[PDB]
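Asks: Any chance you can model this:
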Amino acid sequence: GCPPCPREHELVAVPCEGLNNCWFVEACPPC
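Replies: Residues are numbered from 1 along each chain as shown. Right below this line is the structure:
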C-alpha cells in the first residue's frame, strides 16, 4: 500500500493520475 502522506514522487517511468499507474500515491494523496 501507500506510506504516510507523501510530498512528491517522481513517476517518470509510469505517470500518476491513471488506472493502475500510481504505485503508492493514490490512496495517500501528497500533503
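
Asks: Report the central residue of this structure.
Replies: residue 25 (2.4 Å; C-alpha atoms, centre = their mean).

Asks: So that one sits against residue 9, correct?
Replies: Yes - counting by C-beta atoms under 8 Å, residue 9 is a contact partner of residue 25 at 5.3 Å. C-betas here are computed from N, CA, C, even on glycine.

Asks: list residues touching both of these two?
Replies: residue 16 (C-beta atoms under 8 Å, 6 or more residues apart in numbering).

Asks: And the helices in this structure?
Replies: Ranges of helices in the chain, per DSSP state H: none exist.

Asks: Please put the alpha-carbon coordinates of stretch 8-15 into CSV.
Replies: What follows is stretch 8-15 as a C-alpha-only set of coordinates in CSV (Å, rounded to 0.1, in the frame of the first residue of the first chain):
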residue,chain,number,x,y,z
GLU,A,8,6.4,14.5,-4.5
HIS,A,9,7.1,11.1,-6.1
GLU,A,10,8.8,11.1,-9.4
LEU,A,11,6.5,9.0,-11.6
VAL,A,12,8.8,9.2,-14.6
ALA,A,13,8.5,5.6,-15.7
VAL,A,14,4.8,5.5,-15.2
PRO,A,15,2.9,8.8,-14.7
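
Asks: could you list every residue that touches the nearest residue to residue 24 once chain neighbours are set aside?
Replies: Closest residue to residue 24 apart from its sequence neighbours, by C-beta to C-beta, 6 or more residues apart in numbering: residue 2 at 3.8 Å. Contacts for residue 2 (C-beta under 8 Å, 6+ apart) come out as 24, 25, 26, 27, 28.

Asks: can I get the residues you listed in a markdown table with distance to residue 15?
Replies: A markdown table is the format used below for those (distance: C-beta to C-beta, whole Å):
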| residue | distance to residue 15 |
| --- | --- |
| 24 | 14 |
| 25 | 11 |
| 26 | 12 |
| 27 | 17 |
| 28 | 17 |
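
Asks: most neighbours, which of the residues you listed?
Replies: residue 25 (19 neighbours; other C-beta atoms under 10 Å).
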